[PDB]
>>> print(open('structure12.pdb').read())   # PDB, C-alpha atoms and all ligand atoms
ATOM      1  CA  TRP A 128      75.944 -39.739 -36.871
ATOM      2  CA  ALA A 129      79.663 -39.172 -37.603
ATOM      3  CA  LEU A 130      82.183 -37.410 -39.876
ATOM      4  CA  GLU A 131      82.446 -40.262 -42.440
ATOM      5  CA  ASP A 132      78.749 -39.865 -43.307
ATOM      6  CA  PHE A 133      79.689 -36.524 -44.985
ATOM      7  CA  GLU A 134      81.563 -35.390 -48.103
ATOM      8  CA  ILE A 135      83.356 -32.234 -46.968
ATOM      9  CA  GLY A 136      83.787 -29.575 -49.630
ATOM     10  CA  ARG A 137      84.968 -25.995 -49.818
ATOM     11  CA  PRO A 138      85.132 -23.746 -46.735
ATOM     12  CA  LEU A 139      82.451 -21.045 -46.662
ATOM     13  CA  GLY A 140      83.564 -19.003 -43.630
ATOM     14  CA  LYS A 141      86.290 -18.819 -40.983
ATOM     15  CA  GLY A 142      85.220 -18.083 -37.409
ATOM     16  CA  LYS A 143      87.276 -17.636 -34.256
ATOM     17  CA  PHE A 144      86.202 -20.988 -32.797
ATOM     18  CA  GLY A 145      86.052 -22.901 -36.084
ATOM     19  CA  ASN A 146      85.221 -23.099 -39.776
ATOM     20  CA  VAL A 147      82.110 -23.863 -41.720
ATOM     21  CA  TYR A 148      82.336 -26.080 -44.780
ATOM     22  CA  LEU A 149      80.015 -26.780 -47.635
ATOM     23  CA  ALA A 150      79.145 -30.469 -47.691
ATOM     24  CA  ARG A 151      76.860 -33.270 -48.850
ATOM     25  CA  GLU A 152      75.557 -36.212 -46.832
ATOM     26  CA  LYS A 153      77.089 -39.275 -48.591
ATOM     27  CA  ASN A 154      73.956 -41.424 -48.706
ATOM     28  CA  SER A 155      71.355 -38.923 -49.924
ATOM     29  CA  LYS A 156      73.585 -36.215 -51.420
ATOM     30  CA  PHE A 157      71.667 -33.670 -49.286
ATOM     31  CA  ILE A 158      73.561 -30.374 -49.449
ATOM     32  CA  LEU A 159      74.325 -28.770 -46.099
ATOM     33  CA  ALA A 160      76.735 -26.650 -44.065
ATOM     34  CA  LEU A 161      78.980 -28.403 -41.577
ATOM     35  CA  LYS A 162      80.284 -26.142 -38.801
ATOM     36  CA  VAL A 163      83.350 -27.501 -37.043
ATOM     37  CA  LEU A 164      84.325 -26.106 -33.629
ATOM     38  CA  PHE A 165      87.532 -27.078 -31.839
ATOM     39  CA  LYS A 166      86.837 -28.130 -28.255
ATOM     40  CA  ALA A 167      90.131 -26.815 -26.884
ATOM     41  CA  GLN A 168      89.439 -23.317 -28.185
ATOM     42  CA  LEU A 169      85.878 -23.344 -26.821
ATOM     43  CA  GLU A 170      87.273 -24.346 -23.394
ATOM     44  CA  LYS A 171      89.924 -21.581 -23.596
ATOM     45  CA  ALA A 172      87.227 -18.884 -23.924
ATOM     46  CA  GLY A 173      84.806 -20.432 -21.387
ATOM     47  CA  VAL A 174      81.887 -20.553 -23.818
ATOM     48  CA  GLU A 175      81.147 -24.299 -23.967
ATOM     49  CA  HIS A 176      78.018 -23.531 -21.908
ATOM     50  CA  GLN A 177      76.873 -20.667 -24.182
ATOM     51  CA  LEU A 178      77.453 -23.010 -27.154
ATOM     52  CA  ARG A 179      75.228 -25.726 -25.638
ATOM     53  CA  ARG A 180      72.661 -22.957 -25.048
ATOM     54  CA  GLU A 181      72.600 -21.786 -28.707
ATOM     55  CA  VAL A 182      72.381 -25.399 -29.881
ATOM     56  CA  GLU A 183      69.442 -26.277 -27.615
ATOM     57  CA  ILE A 184      67.619 -23.121 -28.754
ATOM     58  CA  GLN A 185      68.303 -23.375 -32.500
ATOM     59  CA  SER A 186      67.209 -27.046 -32.616
ATOM     60  CA  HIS A 187      63.775 -26.077 -31.225
ATOM     61  CA  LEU A 188      63.297 -23.219 -33.714
ATOM     62  CA  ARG A 189      61.564 -23.903 -37.035
ATOM     63  CA  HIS A 190      60.886 -20.843 -39.184
ATOM     64  CA  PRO A 191      61.659 -20.325 -42.868
ATOM     65  CA  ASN A 192      63.748 -17.197 -41.990
ATOM     66  CA  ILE A 193      65.820 -18.756 -39.235
ATOM     67  CA  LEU A 194      68.683 -20.992 -40.236
ATOM     68  CA  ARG A 195      67.783 -24.546 -39.364
ATOM     69  CA  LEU A 196      69.968 -26.831 -37.214
ATOM     70  CA  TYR A 197      69.494 -30.436 -38.381
ATOM     71  CA  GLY A 198      71.806 -32.033 -35.823
ATOM     72  CA  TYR A 199      75.195 -32.289 -34.171
ATOM     73  CA  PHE A 200      77.842 -34.759 -33.029
ATOM     74  CA  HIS A 201      81.317 -34.649 -31.517
ATOM     75  CA  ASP A 202      84.591 -36.562 -31.685
ATOM     76  CA  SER A 203      87.580 -36.337 -29.329
ATOM     77  CA  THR A 204      88.887 -32.954 -30.503
ATOM     78  CA  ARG A 205      85.902 -31.351 -32.279
ATOM     79  CA  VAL A 206      82.198 -30.467 -32.242
ATOM     80  CA  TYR A 207      80.175 -30.646 -35.491
ATOM     81  CA  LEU A 208      76.975 -28.784 -36.310
ATOM     82  CA  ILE A 209      74.880 -30.009 -39.243
ATOM     83  CA  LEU A 210      73.289 -26.837 -40.578
ATOM     84  CA  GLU A 211      71.059 -25.599 -43.367
ATOM     85  CA  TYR A 212      73.076 -24.242 -46.286
ATOM     86  CA  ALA A 213      71.995 -20.843 -47.566
ATOM     87  CA  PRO A 214      72.946 -21.132 -51.225
ATOM     88  CA  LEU A 215      73.222 -17.411 -51.915
ATOM     89  CA  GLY A 216      75.676 -16.344 -49.159
ATOM     90  CA  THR A 217      75.703 -13.486 -46.667
ATOM     91  CA  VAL A 218      73.802 -10.212 -46.740
ATOM     92  CA  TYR A 219      77.100  -8.611 -45.744
ATOM     93  CA  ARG A 220      78.624  -9.595 -49.121
ATOM     94  CA  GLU A 221      75.526  -8.572 -51.017
ATOM     95  CA  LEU A 222      75.674  -5.184 -49.316
ATOM     96  CA  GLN A 223      79.362  -4.781 -50.186
ATOM     97  CA  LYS A 224      78.562  -5.529 -53.812
ATOM     98  CA  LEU A 225      75.545  -3.258 -54.180
ATOM     99  CA  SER A 226      76.893  -0.654 -51.691
ATOM    100  CA  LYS A 227      73.364   0.028 -50.400
ATOM    101  CA  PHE A 228      69.952  -1.574 -50.980
ATOM    102  CA  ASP A 229      66.938   0.091 -52.596
ATOM    103  CA  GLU A 230      63.614   0.395 -50.727
ATOM    104  CA  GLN A 231      61.907  -2.720 -52.139
ATOM    105  CA  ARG A 232      64.806  -4.998 -51.164
ATOM    106  CA  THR A 233      65.117  -3.404 -47.722
ATOM    107  CA  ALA A 234      61.394  -3.488 -46.888
ATOM    108  CA  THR A 235      61.286  -7.124 -47.989
ATOM    109  CA  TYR A 236      64.306  -8.023 -45.846
ATOM    110  CA  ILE A 237      62.880  -6.132 -42.827
ATOM    111  CA  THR A 238      59.532  -7.924 -43.254
ATOM    112  CA  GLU A 239      61.325 -11.282 -43.257
ATOM    113  CA  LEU A 240      63.185 -10.294 -40.072
ATOM    114  CA  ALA A 241      60.140  -8.949 -38.297
ATOM    115  CA  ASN A 242      58.533 -12.346 -38.850
ATOM    116  CA  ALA A 243      61.678 -14.161 -37.770
ATOM    117  CA  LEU A 244      61.879 -12.124 -34.603
ATOM    118  CA  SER A 245      58.158 -12.450 -33.835
ATOM    119  CA  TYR A 246      58.551 -16.202 -33.924
ATOM    120  CA  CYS A 247      61.590 -15.886 -31.659
ATOM    121  CA  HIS A 248      59.980 -13.489 -29.203
ATOM    122  CA  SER A 249      57.024 -15.872 -29.079
ATOM    123  CA  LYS A 250      59.426 -18.652 -28.036
ATOM    124  CA  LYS A 251      61.000 -16.336 -25.431
ATOM    125  CA  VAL A 252      64.150 -16.033 -27.569
ATOM    126  CA  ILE A 253      65.524 -12.486 -27.509
ATOM    127  CA  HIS A 254      68.564 -10.467 -28.679
ATOM    128  CA  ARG A 255      69.356 -12.588 -31.743
ATOM    129  CA  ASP A 256      72.310 -10.865 -33.463
ATOM    130  CA  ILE A 257      71.078  -9.451 -36.783
ATOM    131  CA  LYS A 258      74.046  -7.473 -38.133
ATOM    132  CA  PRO A 259      74.575  -8.102 -41.895
ATOM    133  CA  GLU A 260      77.339 -10.720 -41.501
ATOM    134  CA  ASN A 261      75.011 -12.921 -39.453
ATOM    135  CA  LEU A 262      72.253 -12.923 -42.086
ATOM    136  CA  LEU A 263      72.349 -15.585 -44.808
ATOM    137  CA  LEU A 264      70.336 -15.833 -48.047
ATOM    138  CA  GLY A 265      68.295 -18.927 -48.870
ATOM    139  CA  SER A 266      67.275 -20.367 -52.238
ATOM    140  CA  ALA A 267      64.646 -17.702 -52.946
ATOM    141  CA  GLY A 268      66.798 -14.750 -51.870
ATOM    142  CA  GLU A 269      64.949 -14.922 -48.545
ATOM    143  CA  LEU A 270      66.979 -13.995 -45.506
ATOM    144  CA  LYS A 271      67.855 -16.198 -42.561
ATOM    145  CA  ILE A 272      69.000 -15.448 -39.022
ATOM    146  CA  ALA A 273      72.045 -17.376 -37.718
ATOM    147  CA  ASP A 274      73.289 -16.541 -34.170
ATOM    148  CA  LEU A 289      85.776  -4.514 -27.207
ATOM    149  CA  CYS A 290      86.219  -4.153 -31.025
ATOM    150  CA  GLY A 291      82.835  -4.849 -32.676
ATOM    151  CA  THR A 292      80.141  -2.486 -33.961
ATOM    152  CA  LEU A 293      78.424  -0.944 -30.916
ATOM    153  CA  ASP A 294      75.683   0.554 -33.095
ATOM    154  CA  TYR A 295      73.515  -2.570 -32.881
ATOM    155  CA  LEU A 296      73.504  -2.497 -29.071
ATOM    156  CA  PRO A 297      70.660  -0.419 -27.664
ATOM    157  CA  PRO A 298      71.238   2.326 -25.035
ATOM    158  CA  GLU A 299      69.923   0.174 -22.193
ATOM    159  CA  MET A 300      72.489  -2.572 -22.865
ATOM    160  CA  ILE A 301      75.619  -0.390 -23.163
ATOM    161  CA  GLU A 302      74.506   1.380 -19.965
ATOM    162  CA  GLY A 303      73.941  -1.925 -18.095
ATOM    163  CA  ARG A 304      70.280  -1.106 -17.454
ATOM    164  CA  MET A 305      67.470  -3.643 -17.497
ATOM    165  CA  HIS A 306      66.909  -5.081 -20.940
ATOM    166  CA  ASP A 307      64.085  -6.567 -22.911
ATOM    167  CA  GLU A 308      62.774  -8.122 -26.142
ATOM    168  CA  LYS A 309      62.662  -4.476 -27.227
ATOM    169  CA  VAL A 310      66.377  -4.733 -28.009
ATOM    170  CA  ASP A 311      65.607  -6.501 -31.288
ATOM    171  CA  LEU A 312      63.512  -3.510 -32.392
ATOM    172  CA  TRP A 313      66.483  -1.188 -31.910
ATOM    173  CA  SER A 314      68.705  -3.624 -33.852
ATOM    174  CA  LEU A 315      66.148  -3.716 -36.626
ATOM    175  CA  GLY A 316      66.181   0.104 -36.979
ATOM    176  CA  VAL A 317      69.984   0.103 -37.140
ATOM    177  CA  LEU A 318      69.851  -2.593 -39.811
ATOM    178  CA  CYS A 319      67.204  -0.728 -41.807
ATOM    179  CA  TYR A 320      69.442   2.353 -41.834
ATOM    180  CA  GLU A 321      72.533   0.332 -42.770
ATOM    181  CA  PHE A 322      70.626  -1.336 -45.582
ATOM    182  CA  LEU A 323      69.483   1.954 -47.128
ATOM    183  CA  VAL A 324      72.599   4.039 -46.457
ATOM    184  CA  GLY A 325      75.433   1.476 -46.598
ATOM    185  CA  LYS A 326      76.787   2.291 -43.129
ATOM    186  CA  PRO A 327      75.218   2.100 -39.654
ATOM    187  CA  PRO A 328      73.921   5.364 -38.128
ATOM    188  CA  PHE A 329      76.098   5.868 -35.005
ATOM    189  CA  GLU A 330      79.590   4.714 -36.082
ATOM    190  CA  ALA A 331      82.271   7.209 -35.046
ATOM    191  CA  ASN A 332      86.046   7.718 -35.018
ATOM    192  CA  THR A 333      86.306   6.554 -31.373
ATOM    193  CA  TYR A 334      84.514   4.305 -28.897
ATOM    194  CA  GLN A 335      83.526   7.277 -26.703
ATOM    195  CA  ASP A 336      81.930   9.175 -29.598
ATOM    196  CA  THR A 337      79.965   6.095 -30.702
ATOM    197  CA  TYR A 338      78.665   5.469 -27.174
ATOM    198  CA  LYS A 339      77.663   9.151 -26.927
ATOM    199  CA  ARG A 340      75.862   8.959 -30.292
ATOM    200  CA  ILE A 341      73.952   5.826 -29.295
ATOM    201  CA  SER A 342      73.190   7.096 -25.794
ATOM    202  CA  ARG A 343      71.729  10.350 -27.194
ATOM    203  CA  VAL A 344      70.411   8.807 -30.421
ATOM    204  CA  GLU A 345      72.368  11.404 -32.371
ATOM    205  CA  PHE A 346      72.327  10.568 -36.062
ATOM    206  CA  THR A 347      71.365  12.177 -39.342
ATOM    207  CA  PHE A 348      69.814  10.842 -42.527
ATOM    208  CA  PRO A 349      71.450  11.352 -45.876
ATOM    209  CA  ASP A 350      69.557  13.217 -48.604
ATOM    210  CA  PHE A 351      68.147  10.225 -50.457
ATOM    211  CA  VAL A 352      66.270   8.519 -47.568
ATOM    212  CA  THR A 353      62.517   8.994 -48.098
ATOM    213  CA  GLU A 354      60.010  10.255 -45.540
ATOM    214  CA  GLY A 355      58.601   6.769 -44.918
ATOM    215  CA  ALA A 356      61.984   5.181 -44.249
ATOM    216  CA  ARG A 357      62.921   8.007 -41.857
ATOM    217  CA  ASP A 358      59.624   7.522 -40.033
ATOM    218  CA  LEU A 359      60.110   3.782 -39.442
ATOM    219  CA  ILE A 360      63.794   4.063 -38.493
ATOM    220  CA  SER A 361      63.047   6.985 -36.137
ATOM    221  CA  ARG A 362      60.408   4.879 -34.340
ATOM    222  CA  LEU A 363      62.631   1.840 -33.979
ATOM    223  CA  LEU A 364      65.531   3.969 -32.691
ATOM    224  CA  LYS A 365      63.689   5.469 -29.716
ATOM    225  CA  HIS A 366      65.762   5.724 -26.537
ATOM    226  CA  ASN A 367      62.926   4.454 -24.341
ATOM    227  CA  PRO A 368      62.354   0.783 -25.210
ATOM    228  CA  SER A 369      58.624   1.161 -24.407
ATOM    229  CA  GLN A 370      58.177   3.709 -27.208
ATOM    230  CA  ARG A 371      59.645   1.377 -29.800
ATOM    231  CA  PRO A 372      56.965  -0.260 -31.901
ATOM    232  CA  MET A 373      55.923  -3.893 -31.834
ATOM    233  CA  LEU A 374      56.978  -6.213 -34.613
ATOM    234  CA  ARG A 375      53.370  -6.236 -35.831
ATOM    235  CA  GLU A 376      53.402  -2.449 -36.187
ATOM    236  CA  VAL A 377      56.595  -2.727 -38.238
ATOM    237  CA  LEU A 378      54.891  -5.178 -40.646
ATOM    238  CA  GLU A 379      51.850  -2.869 -40.918
ATOM    239  CA  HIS A 380      53.979   0.269 -41.490
ATOM    240  CA  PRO A 381      52.948   2.167 -44.671
ATOM    241  CA  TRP A 382      56.550   2.249 -45.936
ATOM    242  CA  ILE A 383      56.913  -1.519 -45.369
ATOM    243  CA  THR A 384      53.564  -2.500 -46.957
ATOM    244  CA  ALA A 385      54.104  -0.105 -49.867
ATOM    245  CA  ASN A 386      57.577  -1.476 -50.666
ATOM    246  CA  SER A 387      57.632  -5.157 -49.530
ATOM    247  CA  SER A 388      57.175  -8.079 -51.993
TER     248      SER A 388
HETATM  249  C1  LIG B 401      82.323 -17.821 -49.713
HETATM  250  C2  LIG B 401      81.308 -16.889 -50.344
HETATM  251  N1  LIG B 401      80.072 -17.628 -50.603
HETATM  252  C3  LIG B 401      79.575 -17.833 -51.822
HETATM  253  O1  LIG B 401      80.208 -17.371 -52.834
HETATM  254  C4  LIG B 401      78.307 -18.632 -51.912
HETATM  255  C5  LIG B 401      77.181 -17.854 -52.577
HETATM  256  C6  LIG B 401      78.578 -19.969 -52.592
HETATM  257  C7  LIG B 401      78.122 -18.850 -50.450
HETATM  258  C8  LIG B 401      77.096 -19.549 -49.787
HETATM  259  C9  LIG B 401      77.143 -19.636 -48.397
HETATM  260  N2  LIG B 401      76.338 -20.225 -47.503
HETATM  261  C10 LIG B 401      76.810 -19.990 -46.266
HETATM  262  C11 LIG B 401      78.086 -19.256 -46.224
HETATM  263  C12 LIG B 401      78.275 -18.997 -47.665
HETATM  264  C13 LIG B 401      79.291 -18.310 -48.312
HETATM  265  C14 LIG B 401      79.253 -18.214 -49.696
HETATM  266  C15 LIG B 401      78.934 -18.810 -45.056
HETATM  267  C16 LIG B 401      79.034 -19.884 -43.976
HETATM  268  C17 LIG B 401      77.830 -19.858 -43.046
HETATM  269  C18 LIG B 401      76.682 -20.605 -43.678
HETATM  270  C19 LIG B 401      75.715 -21.507 -42.999
HETATM  271  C20 LIG B 401      75.661 -21.871 -41.533
HETATM  272  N3  LIG B 401      74.878 -21.945 -43.954
HETATM  273  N4  LIG B 401      75.138 -21.445 -45.231
HETATM  274  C21 LIG B 401      76.167 -20.605 -45.069
END
>>> encode(input="structure12.pdb", output="C-alpha cells")
Amino acid sequence: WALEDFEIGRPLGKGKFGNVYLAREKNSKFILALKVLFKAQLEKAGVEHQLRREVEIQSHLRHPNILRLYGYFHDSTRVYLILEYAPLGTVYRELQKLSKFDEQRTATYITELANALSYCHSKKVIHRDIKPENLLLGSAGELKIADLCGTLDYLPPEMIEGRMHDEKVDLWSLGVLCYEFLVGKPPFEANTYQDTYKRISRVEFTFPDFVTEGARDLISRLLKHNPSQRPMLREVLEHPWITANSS
C-alpha cells in the first residue's frame, strides 16, 4: 500500500498533527478518508507512542457506530491512515446549524453511542472522546465515534481531581453530550477555568425551561458525582425517555 494507489481530493478537516482528505482508491474507486500525519510534528509532541496505541485499538474494533480503520502506511516524512468516510460530516456542524437537537434525534444519537461504548467497554476500551466534533455521521445519518484550553465539561470529577478512574467516565461524558444536544451548550461551561472546575466538582448546573422530565432524569443519573451511582449502558438503552423517543 502507498500514496499513488489513491486519488486525493478535497480536505475535510485540519488537525494539529495533520489533515484529513477525501479520496478514492484508484483501482476500485472506493471512497474513503485519508488522514495524513507529519512525523516530525508527532515527534515534537512525544505522541508517536499514543498514535501507535490508537491505531492498534481502532484496527481491532468493528462496530457500525465506530469509525472503521481500513489500514495505514508511511513514507519518509508522513504517516497515512486509510479511514472510513462519513458522508454527512460532523455532529458539531449539524449542531451549529440546528442550534440544538429535538428529543427524537438526541435519543437516537445517545442509543447509537450507548451501543458503541458497550462494544468498546466489552473490548476493555475506555474514555473514548465523544464531544460533538469527534462524532461523524455515516450514510444513514447514524453516528460514529472517532478518537489547558479545551472543554473541561466532558471530563468527570474523578479525572480532573486525579482520583482513580474507570469505564464509568464514558457515562459522565454521555450525560454531558445529552445535555449539549438538547440545550446547545454543555452544562458546566463558565467564564473561567476555576468556575468550570468548581461546577463540575460539585455538579452544579441547571436545566433550561424546555427540557422535559424524562431528559432531566437521564442526564441527572449520568451526571452523578460518584461513578458507582452512574447507570450502566444497558440501563441507558432501557430508559423510558430513550425507548419512547429513539428510532
Ligand atoms: C468540510 C465539511 N464537510 C462536508 O461538507 C461533508 C458533508 C462533505 C463532510 C463529510 C465529512 N466526512 C468527514 C469529515 C467531513 C467533513 C465534511 C471531517 C474529516 C474527518 C472524517 C473521517 C475520518 N471520515 N469522514 C470524515
>>> residues_near_ligand(input="structure12.pdb", ligand="ligand LIG 401 (chain B)", cutoff="9 Å", atoms="all atoms listed in the file", output="JSON, numbers by chain")
{"A": [137, 138, 139, 140, 141, 146, 147, 148, 149, 159, 160, 161, 162, 194, 195, 196, 208, 209, 210, 211, 212, 213, 214, 215, 216, 217, 220, 260, 261, 262, 263, 264, 265, 273]}
>>> resolve_selection(input="structure12.pdb", expression="the PyMOL selection byres (((chain A and resi 330) around 12) and not hetatm)", output="mmCIF file with C-alpha atoms, in the coordinates of the input")
data_model
loop_
_atom_site.group_PDB
_atom_site.id
_atom_site.type_symbol
_atom_site.label_atom_id
_atom_site.label_comp_id
_atom_site.auth_asym_id
_atom_site.auth_seq_id
_atom_site.Cartn_x
_atom_site.Cartn_y
_atom_site.Cartn_z
ATOM 1 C CA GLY A 291 82.835 -4.849 -32.676
ATOM 2 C CA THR A 292 80.141 -2.486 -33.961
ATOM 3 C CA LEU A 293 78.424 -0.944 -30.916
ATOM 4 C CA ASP A 294 75.683 0.554 -33.095
ATOM 5 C CA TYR A 295 73.515 -2.570 -32.881
ATOM 6 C CA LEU A 296 73.504 -2.497 -29.071
ATOM 7 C CA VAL A 317 69.984 0.103 -37.140
ATOM 8 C CA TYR A 320 69.442 2.353 -41.834
ATOM 9 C CA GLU A 321 72.533 0.332 -42.770
ATOM 10 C CA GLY A 325 75.433 1.476 -46.598
ATOM 11 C CA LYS A 326 76.787 2.291 -43.129
ATOM 12 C CA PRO A 327 75.218 2.100 -39.654
ATOM 13 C CA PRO A 328 73.921 5.364 -38.128
ATOM 14 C CA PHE A 329 76.098 5.868 -35.005
ATOM 15 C CA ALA A 331 82.271 7.209 -35.046
ATOM 16 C CA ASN A 332 86.046 7.718 -35.018
ATOM 17 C CA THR A 333 86.306 6.554 -31.373
ATOM 18 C CA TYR A 334 84.514 4.305 -28.897
ATOM 19 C CA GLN A 335 83.526 7.277 -26.703
ATOM 20 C CA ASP A 336 81.930 9.175 -29.598
ATOM 21 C CA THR A 337 79.965 6.095 -30.702
ATOM 22 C CA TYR A 338 78.665 5.469 -27.174
ATOM 23 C CA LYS A 339 77.663 9.151 -26.927
ATOM 24 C CA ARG A 340 75.862 8.959 -30.292
ATOM 25 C CA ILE A 341 73.952 5.826 -29.295
ATOM 26 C CA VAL A 344 70.411 8.807 -30.421
ATOM 27 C CA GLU A 345 72.368 11.404 -32.371
ATOM 28 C CA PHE A 346 72.327 10.568 -36.062
ATOM 29 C CA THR A 347 71.365 12.177 -39.342
#
>>> residues_near_point(input="structure12.pdb", point="(59.3, 2.9, -48.7)", cutoff="12 Å", atoms="all atoms listed in the file", output="number ranges by chain")
A: 228-235, 237, 319, 323, 351-360, 380-388
>>> atom_distance(input="structure12.pdb", atom1="CA of residue 253 in chain A", atom2="CA of residue 219 in chain A")
21.9 Å
>>> closest_residue(input="structure12.pdb", among="A:305, A:378, A:324, A:267", to="residue 348 in chain A", atoms="all atoms listed in the file")
A:324
